[PDB]
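Q: Sharing a structure with you now.
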Number of protein chains: 2
Amino acid sequence: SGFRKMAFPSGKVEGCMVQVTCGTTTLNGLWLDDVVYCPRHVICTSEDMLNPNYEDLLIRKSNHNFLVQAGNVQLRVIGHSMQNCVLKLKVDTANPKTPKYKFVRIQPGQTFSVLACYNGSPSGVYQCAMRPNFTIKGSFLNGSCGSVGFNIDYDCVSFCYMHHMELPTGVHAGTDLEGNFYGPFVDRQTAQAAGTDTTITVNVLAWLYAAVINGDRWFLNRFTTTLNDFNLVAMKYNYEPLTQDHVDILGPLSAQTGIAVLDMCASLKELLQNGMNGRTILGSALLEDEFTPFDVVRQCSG
Amino acid sequence: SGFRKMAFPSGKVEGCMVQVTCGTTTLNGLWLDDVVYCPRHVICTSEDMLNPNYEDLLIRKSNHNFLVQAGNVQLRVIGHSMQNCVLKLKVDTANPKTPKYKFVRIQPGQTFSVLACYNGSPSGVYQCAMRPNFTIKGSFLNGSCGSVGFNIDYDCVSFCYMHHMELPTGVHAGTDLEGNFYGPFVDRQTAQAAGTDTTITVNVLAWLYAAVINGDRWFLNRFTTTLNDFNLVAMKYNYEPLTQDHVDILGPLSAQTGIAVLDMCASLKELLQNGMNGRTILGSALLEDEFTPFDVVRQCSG
Ligand SMILES: COc1ccccc1NC1CN(C(=O)c2cc(=O)[nH]c3ccccc23)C1
Ligand SMILES: COc1ccccc1NC1CN(C(=O)c2cc(=O)[nH]c3ccccc23)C1
Ligand SMILES: COc1ccccc1NC1CN(C(=O)c2cc(=O)[nH]c3ccccc23)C1
Ligand SMILES: COc1ccccc1NC1CN(C(=O)c2cc(=O)[nH]c3ccccc23)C1
């Protein structure tokens with residue numbers, strides 16, 4: 001037992017991290033096969049970020065202006081191109097450590113592991129969710145751009161995120177590996193609103209099921225509710241509406257604990273309206289929404 | 001910015017994980033050079049755990065009874081010995097992926113990353129602390145024994161923990177890599193008390209400094225206190241007494257934020273006595289104590 005915010009083992013991704021420098025700007029790149037993927041803002045100066053014309057800025061760059069280093073060895077850049085907000089630097093050597101991989105555009109409410117890197121060197125790994133407002137609550141400092149988010153399915157790494165920027169609320173924005181930002185964000189220095197940070201209801205319910213599997217059962221009540229009644233309370237607390245598809249997704253956890261999904265909704269409705277009363281659930285004093293039903297099942301069964 | 005429970009990149013440790021089977025028992029081993037380290041309870045049946053005589057049980061085992069598998073390849077066991085609560089299985093092949101390493105016995109209040117493994121395959125990585133009561137709050141299921149805890153200092157892995165068991169409170173107990181348990185725990189099926197789970201005060205203060213660096217400043221007040229006055233309140237809440245050595249350790253964070261250590265103690269005293277009033281600090285509704293002052297500096301500077 002026990003329940004922690006667990007990340008995937010990062011080894012497969014560590015073997016893909018390189019340093020990319022253009023002028024005075026250094027950030028991280030992801031080396032897969034003979035291509036290095038990195039944020040296109042590597043070509044920008046601080047002044048350029050106020051109103052960058054990436055097409056015009058990129059024309060002043062040649063292959064030899066992109067310095068790519070893998071550990072202590074320099075890679076030779078034989079091509080470059082921009083795809084949405086990422087650059088693809090073709091190198092003359094295929095990464096010998098390229099794992100089996102896919103590029104996926106993750107859905108809001110889903111989770112992934114981030115390997116935070118600086119100067120092409122991995123520094124830490126943590127788990128996060130793609131919030132409904134398409135931001136992540138990461139931990140990224142100066143030089144972290146190009147760090148990636150991923151999931152692992154046995155031996156295949158599904159890359160889903162590349163880090164590009166930090167927004168005014170302290171939250172982070174980035175793209176999928178095709179260079180398309182998650183959400184309405186743009187790689188420019190303009191204050192950008194993420195919008196209401198709604199709570200991932202199905203994930204809160206999954207985490208309440210994890211708590212029950214772990215013996216934390218104080219919050220269970222003798223009540224039930226309906227989807228429509230629960231959602232009237234969910235709306236008030238900026239929780240995502242719970243759908244029948246979410247109920248179906250919670251099926252296995254509901255059956256494992258013997259607690260019907262709508263009975264768990266009634267418990268969550270009471271927790272929202274009355275609070276925790278100074279009590280905790282799985283070592284937390286707030287309702288946690290960054291664990292999917294898959295994450296809970298994986299962590300509670302193997 | 002941002003502050004997450006961040007673990008070290010696990011790649012170096014993933015290359016050391018093997019599966020060890022003895023009879024019907026399978027768990028994980030740590031393969032470093034030509035030795036595989038694993039919990040000695042791998043030799044036990046469920047019945048043996050009620051009152052095991054490890055010396056007598058181990059005499060009925062020969063090298064060929066320990067099946068060690070590294071991925072899909074079987075390693076040849078050419079020796080075995082017991083050191084405290086670990087077995088050391090000498091194999092005929094040195095692990096080609098053996099990183100630079102040390103075995104360290106971590107101090108209570110310090111943190112480390114755990115690579116949770118099952119059947120010799122890494123499943124997840126998370127960060128935790130060696131609690132003052134020498135337990136960890138991990139996430140470990142059946143088959144997780146032999147998973148290790150470690151820290152990384154550039155290219156050197158300091159192994160500090162090997163997983164052995166789960167206690168009645170849902171917390172975990174284990175040994176250093178010399179096989180000595182942290183705390184009073186024994187590898188037998190008897191209900192074992194961990195004692196009062198005291199809060200790591202210096203770590204709470206480090207985390208309050210992290211919150212201030214991250215713009216969360218609501219809890220700062222116009223007060224100061226003394227070590228002796230603060231400790232009178234700390235005792236009441238089962239917090240560890242704050243010493244001058246802890247104040248010295250918080251020196252760099254105090255100076256970075258311009259908030260004197262005793263001024264931060266006054267804020268923590270008010271948080272303990274009055275609560276959070278429904279507010280959060282770094283996305284938490286309770287005072288977090290599993291980040292050391294080193295962890296905060298590393299995550300806030302690089
Ligand atoms: C003016 O620069 C931009 C403007 C608009 C968009 C992007 C940039 N630059 C990019 C963002 N960069 C960082 O390194 C970074 C990322 C981060 O998540 N948090 C930070 C905190 C402090 C200092 C830097 C960062 C490079
Ligand atoms: C805080 O975000 C903005 C605020 C006002 C206007 C624009 C933004 N967004 C963009 C995204 N940026 C960063 O990633 C970034 C770049 C940097 O050089 N230093 C930072 C320090 C702190 C937080 C972010 C950054 C600037
Ligand atoms: C009766 O066995 C013991 C008695 C005293 C001491 C040890 C054992 N066995 C060991 C402990 N094992 C596990 O696999 C394990 C570890 C864990 O942390 N949590 C669990 C939860 C559920 C089922 C198993 C575990 C093997
Ligand atoms: C809960 O711990 C005890 C309770 C009463 C008496 C003894 C213990 N301690 C020991 C340490 N054990 C385990 O690691 C363990 C072994 C197992 O086979 N199944 C478990 C299921 C749940 C939690 C722990 C275990 C038994």
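Labels used: A, B, ... for chains in the order of the structure tokens, numbers from 1 for residues in each chain, and numbers from 1 for ligands as shown.
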Quick one: residues within 12 Å of residue 199 of chain B, only C-alpha atoms, excluding same-chain residues fewer than 6 positions away - as a PyMOL selection string?

A: chain B and resi 108-109+129-133+205+234-242+272+286-291

Q: Could you list, as a short mmCIF file (atom, residue, chain, number, x, y, z; two decimals) with N, CA, C and O atoms, in the first residue's frame, every residue within 9 Å of residue 94 of chain A, counting only C-alpha atoms and ignoring same-chain residues fewer than 5 positions away?

A:
data_model
loop_
_atom_site.label_atom_id
_atom_site.label_comp_id
_atom_site.auth_asym_id
_atom_site.auth_seq_id
_atom_site.Cartn_x
_atom_site.Cartn_y
_atom_site.Cartn_z
N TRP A 31 16.65 14.21 -28.89
CA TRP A 31 17.31 13.54 -30.01
C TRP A 31 16.73 12.15 -30.20
O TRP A 31 16.94 11.27 -29.37
N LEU A 32 16.01 11.96 -31.31
CA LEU A 32 15.35 10.70 -31.64
C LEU A 32 15.70 10.40 -33.05
O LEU A 32 15.51 11.24 -33.94
N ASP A 33 16.28 9.22 -33.30
CA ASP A 33 16.78 8.89 -34.63
C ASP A 33 17.80 10.01 -35.03
O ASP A 33 18.56 10.41 -34.15
N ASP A 34 17.73 10.59 -36.22
CA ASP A 34 18.68 11.61 -36.62
C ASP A 34 18.07 13.00 -36.58
O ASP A 34 18.46 13.86 -37.37
N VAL A 35 17.12 13.23 -35.68
CA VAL A 35 16.51 14.56 -35.57
C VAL A 35 16.55 15.00 -34.12
O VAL A 35 16.30 14.21 -33.20
#

Q: Find the nearest atom pair between each residue of chain A and chain B for residues within 8 Å, count only C-alpha atoms, give distances in Å to one decimal, sort rows by chain and ascending number, and present the table as JSON lines.

A:
{"residue": "A:1", "atom": "CA", "partner": "B:140", "partner_atom": "CA", "distance": 5.5}
{"residue": "A:2", "atom": "CA", "partner": "B:139", "partner_atom": "CA", "distance": 4.1}
{"residue": "A:3", "atom": "CA", "partner": "B:139", "partner_atom": "CA", "distance": 5.2}
{"residue": "A:4", "atom": "CA", "partner": "B:139", "partner_atom": "CA", "distance": 6.0}
{"residue": "A:5", "atom": "CA", "partner": "B:126", "partner_atom": "CA", "distance": 6.8}
{"residue": "A:6", "atom": "CA", "partner": "B:126", "partner_atom": "CA", "distance": 5.1}
{"residue": "A:7", "atom": "CA", "partner": "B:125", "partner_atom": "CA", "distance": 5.2}
{"residue": "A:8", "atom": "CA", "partner": "B:124", "partner_atom": "CA", "distance": 4.6}
{"residue": "A:9", "atom": "CA", "partner": "B:124", "partner_atom": "CA", "distance": 5.2}
{"residue": "A:10", "atom": "CA", "partner": "B:10", "partner_atom": "CA", "distance": 5.6}
{"residue": "A:11", "atom": "CA", "partner": "B:11", "partner_atom": "CA", "distance": 3.6}
{"residue": "A:12", "atom": "CA", "partner": "B:11", "partner_atom": "CA", "distance": 7.3}
{"residue": "A:14", "atom": "CA", "partner": "B:11", "partner_atom": "CA", "distance": 6.9}
{"residue": "A:115", "atom": "CA", "partner": "B:9", "partner_atom": "CA", "distance": 7.4}
{"residue": "A:118", "atom": "CA", "partner": "B:302", "partner_atom": "CA", "distance": 7.9}
{"residue": "A:122", "atom": "CA", "partner": "B:9", "partner_atom": "CA", "distance": 6.5}
{"residue": "A:123", "atom": "CA", "partner": "B:9", "partner_atom": "CA", "distance": 6.5}
{"residue": "A:124", "atom": "CA", "partner": "B:8", "partner_atom": "CA", "distance": 4.6}
{"residue": "A:125", "atom": "CA", "partner": "B:7", "partner_atom": "CA", "distance": 5.2}
{"residue": "A:126", "atom": "CA", "partner": "B:6", "partner_atom": "CA", "distance": 5.1}
{"residue": "A:137", "atom": "CA", "partner": "B:2", "partner_atom": "CA", "distance": 6.8}
{"residue": "A:138", "atom": "CA", "partner": "B:2", "partner_atom": "CA", "distance": 5.6}
{"residue": "A:139", "atom": "CA", "partner": "B:2", "partner_atom": "CA", "distance": 4.1}
{"residue": "A:140", "atom": "CA", "partner": "B:1", "partner_atom": "CA", "distance": 5.5}
{"residue": "A:141", "atom": "CA", "partner": "B:1", "partner_atom": "CA", "distance": 5.6}
{"residue": "A:166", "atom": "CA", "partner": "B:1", "partner_atom": "CA", "distance": 7.9}
{"residue": "A:170", "atom": "CA", "partner": "B:1", "partner_atom": "CA", "distance": 6.4}
{"residue": "A:171", "atom": "CA", "partner": "B:2", "partner_atom": "CA", "distance": 7.3}
{"residue": "A:214", "atom": "CA", "partner": "B:170", "partner_atom": "CA", "distance": 8.0}
{"residue": "A:284", "atom": "CA", "partner": "B:286", "partner_atom": "CA", "distance": 7.1}
{"residue": "A:285", "atom": "CA", "partner": "B:285", "partner_atom": "CA", "distance": 5.0}
{"residue": "A:286", "atom": "CA", "partner": "B:285", "partner_atom": "CA", "distance": 6.0}
{"residue": "A:299", "atom": "CA", "partner": "B:139", "partner_atom": "CA", "distance": 7.7}
{"residue": "A:300", "atom": "CA", "partner": "B:141", "partner_atom": "CA", "distance": 7.3}
{"residue": "A:301", "atom": "CA", "partner": "B:141", "partner_atom": "CA", "distance": 7.4}
{"residue": "A:302", "atom": "CA", "partner": "B:141", "partner_atom": "CA", "distance": 7.4}

Q: Write as a ChimeraX atom specification the residues around ligand 2, taking 6 Å as the cut-off and counting only C-alpha atoms and all ligand atoms.

A: /A:165-168,189-191

Q: Selection from above, N, CA and C atoms, as a PDB file, in the first residue's frame, can you write it?

A:
ATOM      1  N   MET A 165       7.332  27.610 -21.976  1.00  0.00           N
ATOM      2  CA  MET A 165       7.223  28.883 -21.262  1.00  0.00           C
ATOM      3  C   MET A 165       6.443  28.825 -19.965  1.00  0.00           C
ATOM      4  N   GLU A 166       6.584  29.873 -19.172  1.00  0.00           N
ATOM      5  CA  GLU A 166       5.895  30.018 -17.904  1.00  0.00           C
ATOM      6  C   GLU A 166       4.962  31.209 -18.005  1.00  0.00           C
ATOM      7  N   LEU A 167       3.722  31.021 -17.589  1.00  0.00           N
ATOM      8  CA  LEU A 167       2.663  32.023 -17.641  1.00  0.00           C
ATOM      9  C   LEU A 167       2.597  32.831 -16.327  1.00  0.00           C
ATOM     10  N   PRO A 168       1.887  33.978 -16.327  1.00  0.00           N
ATOM     11  CA  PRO A 168       1.818  34.811 -15.118  1.00  0.00           C
ATOM     12  C   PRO A 168       1.393  34.113 -13.837  1.00  0.00           C
ATOM     13  N   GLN A 189       6.202  37.179 -25.700  1.00  0.00           N
ATOM     14  CA  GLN A 189       6.152  37.798 -24.394  1.00  0.00           C
ATOM     15  C   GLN A 189       4.982  38.733 -24.304  1.00  0.00           C
ATOM     16  N   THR A 190       3.825  38.152 -24.127  1.00  0.00           N
ATOM     17  CA  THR A 190       2.597  38.884 -23.878  1.00  0.00           C
ATOM     18  C   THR A 190       1.887  38.155 -22.730  1.00  0.00           C
ATOM     19  N   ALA A 191       1.265  38.885 -21.783  1.00  0.00           N
ATOM     20  CA  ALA A 191       0.561  38.230 -20.670  1.00  0.00           C
ATOM     21  C   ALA A 191      -0.595  37.400 -21.236  1.00  0.00           C
TER      22      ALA A 191
END

Q: I'd like the contact shell of residue 30 of chain A - 12 Å cut-off, only C-alpha atoms, skipping same-chain residues fewer than 2 positions apart - returned as a PyMOL selection string.

A: chain A and resi 12-20+27-28+32-39+68-70+86-91+94-95+97-99+101+103+115+117+119-122+145-150+159+161-163+177
